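Peer 1: Next comes the structure file structure-v4.cif, holding mmCIF, C-alpha atoms; chains and numbers go by the auth columns.
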data_model
loop_
_atom_site.group_PDB
_atom_site.id
_atom_site.type_symbol
_atom_site.label_atom_id
_atom_site.label_comp_id
_atom_site.label_asym_id
_atom_site.label_seq_id
_atom_site.Cartn_x
_atom_site.Cartn_y
_atom_site.Cartn_z
_atom_site.B_iso_or_equiv
_atom_site.auth_seq_id
_atom_site.auth_asym_id
ATOM 1 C CA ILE A 1 -2.660 7.226 47.132 0.00 1 A
ATOM 2 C CA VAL A 2 0.350 9.441 47.650 0.00 2 A
ATOM 3 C CA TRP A 3 2.123 6.820 49.805 0.00 3 A
ATOM 4 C CA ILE A 4 1.479 4.124 47.186 0.00 4 A
ATOM 5 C CA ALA A 5 2.816 6.342 44.376 0.00 5 A
ATOM 6 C CA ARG A 6 5.898 7.197 46.450 0.00 6 A
ATOM 7 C CA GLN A 7 6.733 3.638 47.533 0.00 7 A
ATOM 8 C CA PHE A 8 6.005 1.952 44.190 0.00 8 A
ATOM 9 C CA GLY A 9 7.361 4.542 41.780 0.00 9 A
ATOM 10 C CA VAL A 10 4.169 5.864 40.188 0.00 10 A
ATOM 11 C CA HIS A 11 3.955 9.266 38.577 0.00 11 A
ATOM 12 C CA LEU A 12 0.876 10.557 40.228 0.00 12 A
ATOM 13 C CA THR A 13 -1.247 13.054 38.338 0.00 13 A
ATOM 14 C CA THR A 14 -4.202 15.000 39.593 0.00 14 A
ATOM 15 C CA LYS A 15 -6.414 13.050 37.164 0.00 15 A
ATOM 16 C CA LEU A 16 -5.241 9.646 38.512 0.00 16 A
ATOM 17 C CA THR A 17 -5.894 10.889 42.049 0.00 17 A
ATOM 18 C CA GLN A 18 -9.361 12.109 41.224 0.00 18 A
ATOM 19 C CA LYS A 19 -10.311 8.751 39.650 0.00 19 A
ATOM 20 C CA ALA A 20 -8.810 6.747 42.468 0.00 20 A
ATOM 21 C CA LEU A 21 -10.527 8.722 45.174 0.00 21 A
ATOM 22 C CA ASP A 22 -13.969 8.545 43.636 0.00 22 A
ATOM 23 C CA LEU A 23 -13.604 4.792 43.082 0.00 23 A
ATOM 24 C CA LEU A 24 -12.367 4.108 46.626 0.00 24 A
ATOM 25 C CA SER A 25 -15.080 6.257 48.030 0.00 25 A
ATOM 26 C CA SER A 26 -17.745 4.387 45.991 0.00 26 A
ATOM 27 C CA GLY A 27 -16.506 0.987 47.283 0.00 27 A
ATOM 28 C CA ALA A 28 -13.762 -0.460 45.158 0.00 28 A
ATOM 29 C CA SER A 29 -10.986 -1.947 47.314 0.00 29 A
ATOM 30 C CA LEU A 30 -7.660 -0.160 47.794 0.00 30 A
ATOM 31 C CA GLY A 31 -5.888 -3.067 46.087 0.00 31 A
ATOM 32 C CA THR A 32 -8.081 -3.046 43.010 0.00 32 A
ATOM 33 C CA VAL A 33 -7.858 0.749 42.731 0.00 33 A
ATOM 34 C CA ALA A 34 -4.086 0.609 43.009 0.00 34 A
ATOM 35 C CA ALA A 35 -3.912 -2.059 40.318 0.00 35 A
ATOM 36 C CA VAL A 36 -6.456 -0.632 37.905 0.00 36 A
ATOM 37 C CA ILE A 37 -5.769 3.109 38.297 0.00 37 A
ATOM 38 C CA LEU A 38 -2.199 3.387 39.530 0.00 38 A
ATOM 39 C CA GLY A 39 -0.904 0.330 37.651 0.00 39 A
ATOM 40 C CA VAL A 40 0.565 -1.260 40.795 0.00 40 A
ATOM 41 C CA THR A 41 -0.131 -4.741 42.192 0.00 41 A
ATOM 42 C CA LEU A 42 0.276 -4.276 45.886 0.00 42 A
ATOM 43 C CA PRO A 43 1.534 -6.858 48.252 0.00 43 A
ATOM 44 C CA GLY A 44 -0.536 -7.492 51.370 0.00 44 A
ATOM 45 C CA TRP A 45 1.704 -5.489 53.701 0.00 45 A
ATOM 46 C CA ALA A 46 1.497 -2.459 51.380 0.00 46 A
ATOM 47 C CA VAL A 47 -2.369 -2.617 51.223 0.00 47 A
ATOM 48 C CA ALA A 48 -2.399 -2.567 55.039 0.00 48 A
ATOM 49 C CA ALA A 49 0.223 0.121 55.477 0.00 49 A
ATOM 50 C CA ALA A 50 -1.482 2.496 52.891 0.00 50 A
ATOM 51 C CA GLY A 51 -4.938 1.708 54.307 0.00 51 A
ATOM 52 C CA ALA A 52 -4.000 3.086 57.679 0.00 52 A
ATOM 53 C CA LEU A 53 -3.863 6.607 56.126 0.00 53 A
ATOM 54 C CA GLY A 54 -6.702 8.838 54.840 0.00 54 A
ATOM 55 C CA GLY A 55 -7.467 8.131 51.222 0.00 55 A
ATOM 56 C CA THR A 56 -5.545 11.007 49.609 0.00 56 A
ATOM 57 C CA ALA A 57 -2.454 10.251 51.763 0.00 57 A
ATOM 58 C CA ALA A 58 -2.793 6.527 51.042 0.00 58 A
#
Represent the structure contained in this file as structure tokens.
Peer 2:
Amino acid sequence: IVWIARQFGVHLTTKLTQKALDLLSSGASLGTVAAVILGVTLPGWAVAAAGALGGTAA
């Protein structure tokens, strides 16, 4: 989540992180979480690059 926020210009709050992590952990895809929570439509290469990290780092 941190890498996404950094690379795509999102102001990341602790609340946005908390929501994203729970949703990812429950089974929503990294792309959908990025779009819905972080407001960022990720290209394919960015979904892959972020997905290589642990969830908080992603």
Peer 1: Evaluate the PyMOL selection byres ((chain A and resi 30) around 10) here and jot the selected residues down as number ranges by chain.
Peer 2: A: 1, 20-21, 23-25, 27-29, 31-36, 42, 47-48, 50-51, 55, 58
Peer 1: Can you give me, as a short mmCIF file (atom, residue, chain, number, x, y, z; two decimals) with C-alpha atoms, in the frame of the given file, the residues this file yields under the PyMOL selection byres ((chain A and resi 6-11) around 12)?
Peer 2:
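Result file follows (out29.cif):
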data_model
loop_
_atom_site.label_atom_id
_atom_site.label_comp_id
_atom_site.auth_asym_id
_atom_site.auth_seq_id
_atom_site.Cartn_x
_atom_site.Cartn_y
_atom_site.Cartn_z
CA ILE A 1 -2.66 7.23 47.13
CA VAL A 2 0.35 9.44 47.65
CA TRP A 3 2.12 6.82 49.80
CA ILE A 4 1.48 4.12 47.19
CA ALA A 5 2.82 6.34 44.38
CA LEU A 12 0.88 10.56 40.23
CA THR A 13 -1.25 13.05 38.34
CA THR A 14 -4.20 15.00 39.59
CA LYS A 15 -6.41 13.05 37.16
CA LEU A 16 -5.24 9.65 38.51
CA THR A 17 -5.89 10.89 42.05
CA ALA A 34 -4.09 0.61 43.01
CA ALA A 35 -3.91 -2.06 40.32
CA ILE A 37 -5.77 3.11 38.30
CA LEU A 38 -2.20 3.39 39.53
CA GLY A 39 -0.90 0.33 37.65
CA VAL A 40 0.56 -1.26 40.80
CA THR A 41 -0.13 -4.74 42.19
CA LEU A 42 0.28 -4.28 45.89
CA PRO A 43 1.53 -6.86 48.25
CA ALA A 46 1.50 -2.46 51.38
CA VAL A 47 -2.37 -2.62 51.22
CA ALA A 49 0.22 0.12 55.48
CA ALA A 50 -1.48 2.50 52.89
CA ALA A 57 -2.45 10.25 51.76
CA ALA A 58 -2.79 6.53 51.04
#
Peer 1: Around all of stretch 15-23 of chain A's listed atoms, make the axis-aligned box with 5 Å on each side and tell me centre and edge lengths in Å to one decimal, as AutoDock Vina command-line options.
Peer 2:
--center_x -9.6 --center_y 8.9 --center_z 41.2 --size_x 18.7 --size_y 18.3 --size_z 18.0
